[PDB]
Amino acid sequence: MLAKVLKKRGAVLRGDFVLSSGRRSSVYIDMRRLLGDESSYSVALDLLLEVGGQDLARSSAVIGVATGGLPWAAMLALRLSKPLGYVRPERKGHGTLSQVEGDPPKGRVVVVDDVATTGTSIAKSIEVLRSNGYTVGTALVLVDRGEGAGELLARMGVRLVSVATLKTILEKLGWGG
């Protein structure tokens, strides 16, 4: 049950915010706050391994969506004694060529991010992976905002799996709205 751990670490904060989607929100989500407490990130890692299931367990490598999903991907890779790789969003118009940092061996991988929003950040990582000789059909996140990410990824042959949805977390915490 992430909800409890999230509240404890302030990973779910009450307030008055504006999101990049343009929507006004009474909640700010920050999964990074779970990293500063072994008790908290361990619970998160165990849940990620659980939902990742066999896809993650048999993956030739774990790929993180830099930055956000990088610590999680690195920790999962170490727990599974598997190769790690990651893709970062590069500044545009500078002549930069994308790459899968870490250069894990070609094969089937699972991409990992902390929070799924629109799904575009994950989609970009998938395109880089597929263009560089990797195969990927699963994206794993801790929290899915439930705002179109799954549908967008489904349209490009990728199944999004999450430990929890924002809606479920807010309900459990008796957030109101």
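We number the residues from 1 along the sequence you see.
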**Report entry** 13-21 versus 153-161 - which carries the larger mean C-alpha B factor in the record
**Finding:** 13-21
Requested in this report: Going by the average Cα B-factor in the PDB entry, point out whether 68-76 or 85-93 comes out higher.
Outcome: 85-93
Requested in this report: Quick one: classify residue 114 as lowest, middle or highest third of the chain based on its Cα B-factor.
Outcome: lowest
**Report entry** Where the record places residue 144 (Cα B-factor, split into thirds across the chain)
**Finding:** middle
Query raised in the report: With respect to C-alpha B-factor, does residue 122 fall in the lowest, middle or highest third of the chain as deposited?
Result: middle
Requested in this report: Within this chain's modelled residues, let me know which third the CA B factor of residue 58 belongs to: lowest, middle or highest.
Outcome: highest
Report task. Comparing against every modelled residue in the chain, figure out the third that the C-alpha B-factor of residue 38 lands in (lowest, middle or highest). Result -> middle
